[PDB]
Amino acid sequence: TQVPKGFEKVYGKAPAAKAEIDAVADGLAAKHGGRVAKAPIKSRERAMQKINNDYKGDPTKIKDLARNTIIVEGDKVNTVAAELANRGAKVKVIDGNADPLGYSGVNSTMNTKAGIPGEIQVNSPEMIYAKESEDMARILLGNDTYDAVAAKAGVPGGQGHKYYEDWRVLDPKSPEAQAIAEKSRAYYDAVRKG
């Protein structure tokens, strides 16, 4: 497995980028009544594999060495999105009507003072319940939010990431893609109806 050129120089700013994006995340999270799921720095092997595969060996192109998630109630997601934009983040607002898989949420990239990008995602508890496995949703939401969301959910949780995995491995001309994407949109739509 080939170390990318300049890899360690980029990797060493990741702790400082983490502190920076974690500080702004918990600011904004504690502003609107939400929580921040902080995460460690991307592991070395995976960071290198992702630089080599997604970014053809350029380590300055990887954006999620440092990352976290802001979990807020549904109608605050948008407010938080605008907040990250005002701090210069690159912001992707996903609505379920364009994404072939019908997911919704916010992703943003922040160029931190340490000289590398940080990733801050934002979503509601309902969306995270829907997309992530139970183990994952329990960590992101905490045990009590998880249990509250699951009791009031109208759909079994945790199917979203499943559909993504089945869709992602398909060849771009696959006869199977369209049916999987439809199943994913119908799933996330049922979540959002309630």
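Note that residue numbering follows the sequence shown and begins at 1.
On average the C-alpha atoms of 142-150 have higher B-factors than those of the other stretch, with 158-166 and 142-150 being the two compared. For the pair 74-82 and 91-99, the record assigns the higher mean C-alpha temperature factor to 74-82. Of the residues listed, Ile51, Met127, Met136, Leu28, the entry assigns the biggest Cα temperature factor to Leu28. In the PDB entry, a CA B factor belonging to the lowest third of its chain's modelled residues is recorded for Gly105. In the PDB entry, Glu45 places in the highest third of its chain by CA B-factor. Ranked by C-alpha B-factor against the other modelled residues of its chain, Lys61 falls in the middle third. Among the modelled residues of its chain, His32 has a C-alpha B-factor that falls in the highest third according to the deposited record.
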